[PDB]
>>> print(open('coords12.cif').read())   # mmCIF, N, CA and C atoms
data_data
#
loop_
_atom_site.label_atom_id
_atom_site.label_comp_id
_atom_site.auth_asym_id
_atom_site.auth_seq_id
_atom_site.Cartn_x
_atom_site.Cartn_y
_atom_site.Cartn_z
N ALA A 105 0.82 -1.22 0.00
CA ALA A 105 0.00 0.00 0.00
C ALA A 105 0.86 1.27 0.00
N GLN A 106 1.96 1.31 0.76
CA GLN A 106 2.85 2.47 0.79
C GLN A 106 3.60 2.67 -0.53
N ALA A 107 4.01 1.60 -1.22
CA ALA A 107 4.62 1.73 -2.54
C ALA A 107 3.61 2.32 -3.54
N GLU A 108 2.34 1.90 -3.49
CA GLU A 108 1.31 2.43 -4.39
C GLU A 108 1.05 3.93 -4.12
N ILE A 109 1.18 4.39 -2.87
CA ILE A 109 1.03 5.80 -2.51
C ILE A 109 2.19 6.62 -3.10
N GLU A 110 3.43 6.14 -3.04
CA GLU A 110 4.56 6.84 -3.67
C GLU A 110 4.40 6.91 -5.20
N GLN A 111 3.87 5.86 -5.83
CA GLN A 111 3.63 5.84 -7.27
C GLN A 111 2.58 6.89 -7.65
N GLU A 112 1.54 7.04 -6.84
CA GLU A 112 0.53 8.10 -7.11
C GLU A 112 1.18 9.48 -7.07
N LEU A 113 1.96 9.79 -6.02
CA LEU A 113 2.59 11.10 -5.87
C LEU A 113 3.50 11.40 -7.04
N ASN A 114 4.33 10.45 -7.44
CA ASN A 114 5.32 10.72 -8.51
C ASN A 114 4.60 10.86 -9.84
N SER A 115 3.42 10.27 -9.97
CA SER A 115 2.65 10.45 -11.22
C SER A 115 2.09 11.87 -11.26
N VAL A 116 1.69 12.44 -10.11
CA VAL A 116 1.19 13.82 -10.01
C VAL A 116 2.34 14.80 -10.24
N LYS A 117 3.49 14.59 -9.58
CA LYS A 117 4.67 15.44 -9.76
C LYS A 117 5.11 15.46 -11.21
N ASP A 118 5.07 14.32 -11.89
CA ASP A 118 5.48 14.25 -13.31
C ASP A 118 4.42 14.90 -14.19
N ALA A 119 3.13 14.71 -13.89
CA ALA A 119 2.03 15.30 -14.65
C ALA A 119 2.03 16.82 -14.50
N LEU A 120 2.46 17.35 -13.35
CA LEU A 120 2.59 18.78 -13.13
C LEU A 120 3.80 19.26 -13.93
N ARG A 121 4.95 18.57 -13.88
CA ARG A 121 6.16 18.91 -14.67
C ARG A 121 5.92 18.83 -16.19
N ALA A 122 4.93 18.06 -16.64
CA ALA A 122 4.57 17.90 -18.05
C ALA A 122 3.47 18.86 -18.53
N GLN A 123 2.41 19.07 -17.75
CA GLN A 123 1.32 20.00 -18.08
C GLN A 123 1.76 21.45 -17.90
N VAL A 124 2.27 21.76 -16.71
CA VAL A 124 2.81 23.07 -16.30
C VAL A 124 4.34 22.98 -16.38
N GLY A 125 5.10 24.08 -16.32
CA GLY A 125 6.56 24.03 -16.40
C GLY A 125 7.04 23.76 -17.83
N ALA A 126 6.68 22.62 -18.43
CA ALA A 126 6.96 22.30 -19.84
C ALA A 126 6.22 23.29 -20.77
N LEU A 127 5.32 24.10 -20.21
CA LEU A 127 4.60 25.20 -20.87
C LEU A 127 5.62 26.28 -21.30
N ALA A 128 6.84 26.24 -20.74
CA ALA A 128 7.97 27.10 -21.09
C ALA A 128 8.42 26.93 -22.55
N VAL A 129 7.89 25.96 -23.32
CA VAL A 129 8.19 25.85 -24.77
C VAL A 129 7.62 27.08 -25.49
N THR A 130 6.77 27.86 -24.81
CA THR A 130 6.26 29.17 -25.24
C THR A 130 7.41 30.19 -25.30
N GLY A 131 8.65 29.80 -24.98
CA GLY A 131 9.85 30.60 -25.19
C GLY A 131 9.98 31.01 -26.67
N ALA A 132 9.23 30.38 -27.59
CA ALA A 132 9.14 30.76 -29.01
C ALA A 132 8.65 32.21 -29.08
N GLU A 133 7.69 32.65 -28.27
CA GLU A 133 7.24 34.06 -28.22
C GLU A 133 8.41 35.00 -27.91
N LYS A 134 9.25 34.71 -26.90
CA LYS A 134 10.45 35.51 -26.63
C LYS A 134 11.33 35.53 -27.88
N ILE A 135 11.58 34.35 -28.46
CA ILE A 135 12.38 34.15 -29.67
C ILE A 135 11.74 34.78 -30.91
N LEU A 136 10.40 34.81 -31.02
CA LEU A 136 9.68 35.56 -32.07
C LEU A 136 10.13 37.03 -32.18
N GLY A 137 10.61 37.63 -31.09
CA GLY A 137 11.13 38.99 -31.04
C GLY A 137 12.51 39.18 -31.71
N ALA A 138 13.12 38.14 -32.29
CA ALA A 138 14.41 38.21 -32.99
C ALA A 138 14.33 38.99 -34.32
N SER A 139 15.48 39.43 -34.84
CA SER A 139 15.58 40.20 -36.09
C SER A 139 16.86 39.85 -36.89
N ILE A 140 17.10 40.53 -38.01
CA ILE A 140 18.22 40.26 -38.93
C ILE A 140 19.62 40.27 -38.29
N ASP A 141 19.86 41.07 -37.25
CA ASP A 141 21.15 41.09 -36.55
C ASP A 141 21.40 39.72 -35.89
N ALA A 142 20.44 39.23 -35.11
CA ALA A 142 20.51 37.93 -34.46
C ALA A 142 20.60 36.79 -35.49
N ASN A 143 19.85 36.88 -36.60
CA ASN A 143 19.90 35.89 -37.67
C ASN A 143 21.34 35.75 -38.20
N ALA A 144 22.06 36.86 -38.41
CA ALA A 144 23.45 36.83 -38.86
C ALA A 144 24.35 36.06 -37.88
N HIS A 145 24.12 36.17 -36.57
CA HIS A 145 24.90 35.43 -35.57
C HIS A 145 24.60 33.93 -35.67
N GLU A 146 23.34 33.55 -35.88
CA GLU A 146 22.95 32.15 -36.06
C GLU A 146 23.50 31.55 -37.36
N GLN A 147 23.60 32.33 -38.44
CA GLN A 147 24.20 31.87 -39.68
C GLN A 147 25.70 31.66 -39.50
N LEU A 148 26.38 32.53 -38.75
CA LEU A 148 27.81 32.36 -38.48
C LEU A 148 28.01 31.10 -37.63
N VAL A 149 27.18 30.91 -36.60
CA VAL A 149 27.21 29.71 -35.73
C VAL A 149 26.97 28.45 -36.56
N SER A 150 25.99 28.47 -37.47
CA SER A 150 25.68 27.33 -38.34
C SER A 150 26.85 27.02 -39.27
N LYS A 151 27.45 28.04 -39.89
CA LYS A 151 28.61 27.92 -40.78
C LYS A 151 29.82 27.34 -40.07
N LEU A 152 30.05 27.71 -38.81
CA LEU A 152 31.19 27.20 -38.04
C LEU A 152 30.97 25.71 -37.71
N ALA A 153 29.71 25.29 -37.66
CA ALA A 153 29.26 23.93 -37.44
C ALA A 153 28.90 23.21 -38.77
N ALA A 154 29.65 23.43 -39.87
CA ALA A 154 29.40 22.80 -41.19
C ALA A 154 28.03 23.21 -41.73
N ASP B 53 -17.81 -63.42 26.88
CA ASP B 53 -17.38 -62.14 27.45
C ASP B 53 -16.05 -61.67 26.84
N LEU B 54 -15.15 -62.59 26.47
CA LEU B 54 -13.88 -62.24 25.83
C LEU B 54 -14.09 -61.67 24.42
N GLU B 55 -15.03 -62.22 23.63
CA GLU B 55 -15.40 -61.66 22.32
C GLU B 55 -15.96 -60.24 22.50
N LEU B 56 -16.82 -60.02 23.50
CA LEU B 56 -17.41 -58.72 23.80
C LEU B 56 -16.34 -57.72 24.28
N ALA B 57 -15.35 -58.17 25.04
CA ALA B 57 -14.25 -57.33 25.49
C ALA B 57 -13.39 -56.89 24.30
N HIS B 58 -13.11 -57.79 23.34
CA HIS B 58 -12.38 -57.43 22.13
C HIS B 58 -13.17 -56.43 21.29
N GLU B 59 -14.48 -56.62 21.12
CA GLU B 59 -15.31 -55.67 20.37
C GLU B 59 -15.30 -54.28 21.04
N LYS B 60 -15.32 -54.21 22.37
CA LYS B 60 -15.26 -52.93 23.09
C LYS B 60 -13.88 -52.27 22.93
N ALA B 61 -12.80 -53.05 22.96
CA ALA B 61 -11.44 -52.54 22.75
C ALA B 61 -11.27 -52.00 21.32
N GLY B 62 -11.84 -52.68 20.32
CA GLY B 62 -11.80 -52.24 18.92
C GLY B 62 -12.60 -50.95 18.72
N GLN B 63 -13.78 -50.84 19.33
CA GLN B 63 -14.62 -49.64 19.26
C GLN B 63 -13.87 -48.43 19.83
N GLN B 64 -13.20 -48.60 20.97
CA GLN B 64 -12.46 -47.54 21.64
C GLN B 64 -11.38 -46.91 20.75
N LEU B 65 -10.59 -47.70 20.03
CA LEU B 65 -9.54 -47.18 19.15
C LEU B 65 -10.12 -46.50 17.91
N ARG B 66 -11.16 -47.07 17.29
CA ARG B 66 -11.79 -46.46 16.11
C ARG B 66 -12.46 -45.14 16.46
N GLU B 67 -13.07 -45.05 17.64
CA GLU B 67 -13.70 -43.82 18.12
C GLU B 67 -12.64 -42.74 18.43
N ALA B 68 -11.47 -43.13 18.97
CA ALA B 68 -10.37 -42.21 19.21
C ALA B 68 -9.82 -41.65 17.89
N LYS B 69 -9.67 -42.49 16.86
CA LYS B 69 -9.19 -42.09 15.53
C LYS B 69 -10.18 -41.13 14.85
N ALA B 70 -11.48 -41.36 15.01
CA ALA B 70 -12.51 -40.47 14.47
C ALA B 70 -12.48 -39.11 15.20
N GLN B 71 -12.26 -39.11 16.51
CA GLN B 71 -12.16 -37.89 17.31
C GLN B 71 -10.91 -37.09 16.92
N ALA B 72 -9.77 -37.76 16.74
CA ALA B 72 -8.52 -37.14 16.32
C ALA B 72 -8.67 -36.43 14.97
N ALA B 73 -9.32 -37.07 14.00
CA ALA B 73 -9.56 -36.47 12.69
C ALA B 73 -10.41 -35.20 12.81
N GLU B 74 -11.45 -35.21 13.64
CA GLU B 74 -12.30 -34.03 13.85
C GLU B 74 -11.52 -32.87 14.49
N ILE B 75 -10.62 -33.17 15.43
CA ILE B 75 -9.78 -32.17 16.10
C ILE B 75 -8.87 -31.48 15.09
N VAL B 76 -8.24 -32.24 14.20
CA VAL B 76 -7.35 -31.70 13.17
C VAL B 76 -8.13 -30.87 12.15
N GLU B 77 -9.28 -31.33 11.67
CA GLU B 77 -10.06 -30.58 10.69
C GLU B 77 -10.64 -29.28 11.27
N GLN B 78 -11.04 -29.26 12.54
CA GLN B 78 -11.54 -28.04 13.17
C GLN B 78 -10.40 -27.02 13.31
N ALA B 79 -9.20 -27.48 13.66
CA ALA B 79 -8.03 -26.61 13.75
C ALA B 79 -7.65 -26.06 12.36
N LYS B 80 -7.78 -26.86 11.28
CA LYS B 80 -7.54 -26.39 9.91
C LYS B 80 -8.51 -25.28 9.54
N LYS B 81 -9.79 -25.40 9.91
CA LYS B 81 -10.80 -24.35 9.63
C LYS B 81 -10.47 -23.06 10.38
N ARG B 82 -10.07 -23.14 11.65
CA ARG B 82 -9.67 -21.96 12.44
C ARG B 82 -8.44 -21.30 11.82
N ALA B 83 -7.44 -22.08 11.41
CA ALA B 83 -6.22 -21.59 10.76
C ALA B 83 -6.54 -20.82 9.46
N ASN B 84 -7.41 -21.38 8.62
CA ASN B 84 -7.82 -20.75 7.37
C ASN B 84 -8.49 -19.39 7.63
N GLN B 85 -9.40 -19.32 8.60
CA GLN B 85 -10.06 -18.06 8.95
C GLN B 85 -9.09 -17.05 9.57
N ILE B 86 -8.09 -17.46 10.35
CA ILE B 86 -7.11 -16.54 10.94
C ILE B 86 -6.38 -15.75 9.84
N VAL B 87 -6.00 -16.41 8.75
CA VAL B 87 -5.34 -15.71 7.63
C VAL B 87 -6.33 -14.78 6.91
N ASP B 88 -7.59 -15.18 6.73
CA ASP B 88 -8.59 -14.30 6.10
C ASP B 88 -8.86 -13.04 6.94
N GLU B 89 -8.95 -13.18 8.27
CA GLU B 89 -9.16 -12.06 9.19
C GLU B 89 -8.06 -11.02 9.02
N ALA B 90 -6.80 -11.47 8.99
CA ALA B 90 -5.65 -10.59 8.82
C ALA B 90 -5.61 -9.92 7.45
N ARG B 91 -5.95 -10.65 6.38
CA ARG B 91 -5.98 -10.11 5.02
C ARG B 91 -7.03 -9.01 4.87
N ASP B 92 -8.25 -9.23 5.35
CA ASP B 92 -9.31 -8.23 5.25
C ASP B 92 -8.99 -6.97 6.05
N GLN B 93 -8.36 -7.13 7.21
CA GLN B 93 -7.95 -6.01 8.05
C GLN B 93 -6.84 -5.20 7.37
N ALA B 94 -5.83 -5.87 6.80
CA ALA B 94 -4.73 -5.21 6.11
C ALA B 94 -5.18 -4.48 4.84
N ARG B 95 -6.08 -5.08 4.05
CA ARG B 95 -6.63 -4.44 2.85
C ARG B 95 -7.45 -3.20 3.22
N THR B 96 -8.25 -3.28 4.28
CA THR B 96 -9.07 -2.15 4.75
C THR B 96 -8.20 -0.96 5.13
N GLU B 97 -7.13 -1.20 5.90
CA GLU B 97 -6.23 -0.12 6.30
C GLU B 97 -5.48 0.47 5.10
N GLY B 98 -5.10 -0.36 4.12
CA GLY B 98 -4.43 0.11 2.91
C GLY B 98 -5.31 1.08 2.13
N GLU B 99 -6.59 0.75 1.97
CA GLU B 99 -7.57 1.61 1.29
C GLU B 99 -7.79 2.93 2.06
N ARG B 100 -7.82 2.87 3.40
CA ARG B 100 -7.97 4.05 4.26
C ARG B 100 -6.78 4.99 4.08
N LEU B 101 -5.56 4.46 4.15
CA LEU B 101 -4.33 5.25 3.99
C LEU B 101 -4.22 5.90 2.61
N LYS B 102 -4.49 5.16 1.53
CA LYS B 102 -4.38 5.73 0.18
C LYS B 102 -5.47 6.76 -0.11
N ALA B 103 -6.69 6.57 0.39
CA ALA B 103 -7.78 7.54 0.23
C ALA B 103 -7.45 8.85 0.96
N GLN B 104 -6.85 8.76 2.15
CA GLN B 104 -6.42 9.93 2.91
C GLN B 104 -5.31 10.67 2.14
#
>>> encode(input="coords12.cif", output="structure tokens")
Amino acid sequence: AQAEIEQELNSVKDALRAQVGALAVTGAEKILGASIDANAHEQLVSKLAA
Amino acid sequence: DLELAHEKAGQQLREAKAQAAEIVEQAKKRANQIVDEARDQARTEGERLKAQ
């Protein structure tokens, strides 16, 4: 019974880490604010990496 | 009287063997219920703890 109680808690903790927190993939909105200056830095980074 | 004494001696041992079998089977029934009592009590407390 005590092992089943720990399994319930870790399923809630993981479901919270997956539903909420992982909502931070909305960092695309922050990144949406990028422009041609930043693009040039990413092209240089890509070129240095083949 | 000797034939009757042998029949009484034979009855006594067969009656003791029948009594012994009843004693063992009654103890087996009590043993079986002792484990069921403990299982139902343990399951009940497990459900109480997880619901809380």
>>> closest_atom_pairs(input="coords12.cif", of="chain B", to="chain A", cutoff="8 Å", atoms="only C-alpha atoms", output="JSON lines")
{"residue": "B:98", "atom": "CA", "partner": "A:105", "partner_atom": "CA", "distance": 5.3}
{"residue": "B:99", "atom": "CA", "partner": "A:105", "partner_atom": "CA", "distance": 7.8}
{"residue": "B:101", "atom": "CA", "partner": "A:105", "partner_atom": "CA", "distance": 7.9}
{"residue": "B:102", "atom": "CA", "partner": "A:109", "partner_atom": "CA", "distance": 6.0}
>>> atom_distance(input="coords12.cif", atom1="atom N of residue 58 in chain B", atom2="atom N of residue 74 in chain B")
24.6 Å
>>> atom_distance(input="coords12.cif", atom1="atom C of residue 56 in chain B", atom2="atom C of residue 68 in chain B")
18.5 Å
>>> atom_distance(input="coords12.cif", atom1="CA of residue 146 in chain A", atom2="CA of residue 125 in chain A")
26.9 Å
>>> select_by_dssp(input="coords12.cif", residues="range 117-146 of chain A", states="alpha helix (DSSP H)", output="list in words")
residues 117, 118, 119, 120, 121, 122, 123, 131, 132, 133, 134, 135, 136, 140, 141, 142, 143, 144, 145 and 146 of chain A
>>> write_last_selection(input="coords12.cif", atoms="N, CA and C atoms", output="PDB file, in the coordinates of the input")
ATOM      1  N   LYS A 117       3.490  14.590  -9.580  1.00  0.00           N
ATOM      2  CA  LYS A 117       4.670  15.440  -9.760  1.00  0.00           C
ATOM      3  C   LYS A 117       5.110  15.460 -11.210  1.00  0.00           C
ATOM      4  N   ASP A 118       5.070  14.320 -11.890  1.00  0.00           N
ATOM      5  CA  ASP A 118       5.480  14.250 -13.310  1.00  0.00           C
ATOM      6  C   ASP A 118       4.420  14.900 -14.190  1.00  0.00           C
ATOM      7  N   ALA A 119       3.130  14.710 -13.890  1.00  0.00           N
ATOM      8  CA  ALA A 119       2.030  15.300 -14.650  1.00  0.00           C
ATOM      9  C   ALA A 119       2.030  16.820 -14.500  1.00  0.00           C
ATOM     10  N   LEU A 120       2.460  17.350 -13.350  1.00  0.00           N
ATOM     11  CA  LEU A 120       2.590  18.780 -13.130  1.00  0.00           C
ATOM     12  C   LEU A 120       3.800  19.260 -13.930  1.00  0.00           C
ATOM     13  N   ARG A 121       4.950  18.570 -13.880  1.00  0.00           N
ATOM     14  CA  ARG A 121       6.160  18.910 -14.670  1.00  0.00           C
ATOM     15  C   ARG A 121       5.920  18.830 -16.190  1.00  0.00           C
ATOM     16  N   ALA A 122       4.930  18.060 -16.640  1.00  0.00           N
ATOM     17  CA  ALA A 122       4.570  17.900 -18.050  1.00  0.00           C
ATOM     18  C   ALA A 122       3.470  18.860 -18.530  1.00  0.00           C
ATOM     19  N   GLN A 123       2.410  19.070 -17.750  1.00  0.00           N
ATOM     20  CA  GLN A 123       1.320  20.000 -18.080  1.00  0.00           C
ATOM     21  C   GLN A 123       1.760  21.450 -17.900  1.00  0.00           C
ATOM     22  N   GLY A 131       8.650  29.800 -24.980  1.00  0.00           N
ATOM     23  CA  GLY A 131       9.850  30.600 -25.190  1.00  0.00           C
ATOM     24  C   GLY A 131       9.980  31.010 -26.670  1.00  0.00           C
ATOM     25  N   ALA A 132       9.230  30.380 -27.590  1.00  0.00           N
ATOM     26  CA  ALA A 132       9.140  30.760 -29.010  1.00  0.00           C
ATOM     27  C   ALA A 132       8.650  32.210 -29.080  1.00  0.00           C
ATOM     28  N   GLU A 133       7.690  32.650 -28.270  1.00  0.00           N
ATOM     29  CA  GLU A 133       7.240  34.060 -28.220  1.00  0.00           C
ATOM     30  C   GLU A 133       8.410  35.000 -27.910  1.00  0.00           C
ATOM     31  N   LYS A 134       9.250  34.710 -26.900  1.00  0.00           N
ATOM     32  CA  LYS A 134      10.450  35.510 -26.630  1.00  0.00           C
ATOM     33  C   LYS A 134      11.330  35.530 -27.880  1.00  0.00           C
ATOM     34  N   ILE A 135      11.580  34.350 -28.460  1.00  0.00           N
ATOM     35  CA  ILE A 135      12.380  34.150 -29.670  1.00  0.00           C
ATOM     36  C   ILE A 135      11.740  34.780 -30.910  1.00  0.00           C
ATOM     37  N   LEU A 136      10.400  34.810 -31.020  1.00  0.00           N
ATOM     38  CA  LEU A 136       9.680  35.560 -32.070  1.00  0.00           C
ATOM     39  C   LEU A 136      10.130  37.030 -32.180  1.00  0.00           C
ATOM     40  N   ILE A 140      17.100  40.530 -38.010  1.00  0.00           N
ATOM     41  CA  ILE A 140      18.220  40.260 -38.930  1.00  0.00           C
ATOM     42  C   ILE A 140      19.620  40.270 -38.290  1.00  0.00           C
ATOM     43  N   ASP A 141      19.860  41.070 -37.250  1.00  0.00           N
ATOM     44  CA  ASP A 141      21.150  41.090 -36.550  1.00  0.00           C
ATOM     45  C   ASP A 141      21.400  39.720 -35.890  1.00  0.00           C
ATOM     46  N   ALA A 142      20.440  39.230 -35.110  1.00  0.00           N
ATOM     47  CA  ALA A 142      20.510  37.930 -34.460  1.00  0.00           C
ATOM     48  C   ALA A 142      20.600  36.790 -35.490  1.00  0.00           C
ATOM     49  N   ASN A 143      19.850  36.880 -36.600  1.00  0.00           N
ATOM     50  CA  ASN A 143      19.900  35.890 -37.670  1.00  0.00           C
ATOM     51  C   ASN A 143      21.340  35.750 -38.200  1.00  0.00           C
ATOM     52  N   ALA A 144      22.060  36.860 -38.410  1.00  0.00           N
ATOM     53  CA  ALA A 144      23.450  36.830 -38.860  1.00  0.00           C
ATOM     54  C   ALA A 144      24.350  36.060 -37.880  1.00  0.00           C
ATOM     55  N   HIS A 145      24.120  36.170 -36.570  1.00  0.00           N
ATOM     56  CA  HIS A 145      24.900  35.430 -35.570  1.00  0.00           C
ATOM     57  C   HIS A 145      24.600  33.930 -35.670  1.00  0.00           C
ATOM     58  N   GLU A 146      23.340  33.550 -35.880  1.00  0.00           N
ATOM     59  CA  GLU A 146      22.950  32.150 -36.060  1.00  0.00           C
ATOM     60  C   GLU A 146      23.500  31.550 -37.360  1.00  0.00           C
TER      61      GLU A 146
END
>>> decode(input="coords12.cif", residues="chain A", atoms="C-alpha atoms", output="CSV table (one decimal), in the first residue's frame")
chain,number,residue,atom,x,y,z
A,105,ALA,CA,0.0,0.0,0.0
A,106,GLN,CA,2.8,2.5,0.8
A,107,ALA,CA,4.6,1.7,-2.5
A,108,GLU,CA,1.3,2.4,-4.4
A,109,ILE,CA,1.0,5.8,-2.5
A,110,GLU,CA,4.6,6.8,-3.7
A,111,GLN,CA,3.6,5.8,-7.3
A,112,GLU,CA,0.5,8.1,-7.1
A,113,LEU,CA,2.6,11.1,-5.9
A,114,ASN,CA,5.3,10.7,-8.5
A,115,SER,CA,2.6,10.4,-11.2
A,116,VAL,CA,1.2,13.8,-10.0
A,117,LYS,CA,4.7,15.4,-9.8
A,118,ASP,CA,5.5,14.2,-13.3
A,119,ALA,CA,2.0,15.3,-14.6
A,120,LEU,CA,2.6,18.8,-13.1
A,121,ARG,CA,6.2,18.9,-14.7
A,122,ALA,CA,4.6,17.9,-18.1
A,123,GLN,CA,1.3,20.0,-18.1
A,124,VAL,CA,2.8,23.1,-16.3
A,125,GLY,CA,6.6,24.0,-16.4
A,126,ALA,CA,7.0,22.3,-19.8
A,127,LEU,CA,4.6,25.2,-20.9
A,128,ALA,CA,8.0,27.1,-21.1
A,129,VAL,CA,8.2,25.8,-24.8
A,130,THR,CA,6.3,29.2,-25.2
A,131,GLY,CA,9.9,30.6,-25.2
A,132,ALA,CA,9.1,30.8,-29.0
A,133,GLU,CA,7.2,34.1,-28.2
A,134,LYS,CA,10.5,35.5,-26.6
A,135,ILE,CA,12.4,34.1,-29.7
A,136,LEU,CA,9.7,35.6,-32.1
A,137,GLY,CA,11.1,39.0,-31.0
A,138,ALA,CA,14.4,38.2,-33.0
A,139,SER,CA,15.6,40.2,-36.1
A,140,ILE,CA,18.2,40.3,-38.9
A,141,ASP,CA,21.1,41.1,-36.5
A,142,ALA,CA,20.5,37.9,-34.5
A,143,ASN,CA,19.9,35.9,-37.7
A,144,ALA,CA,23.4,36.8,-38.9
A,145,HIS,CA,24.9,35.4,-35.6
A,146,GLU,CA,22.9,32.1,-36.1
A,147,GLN,CA,24.2,31.9,-39.7
A,148,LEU,CA,27.8,32.4,-38.5
A,149,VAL,CA,27.2,29.7,-35.7
A,150,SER,CA,25.7,27.3,-38.3
A,151,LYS,CA,28.6,27.9,-40.8
A,152,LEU,CA,31.2,27.2,-38.0
A,153,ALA,CA,29.3,23.9,-37.4
A,154,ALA,CA,29.4,22.8,-41.2
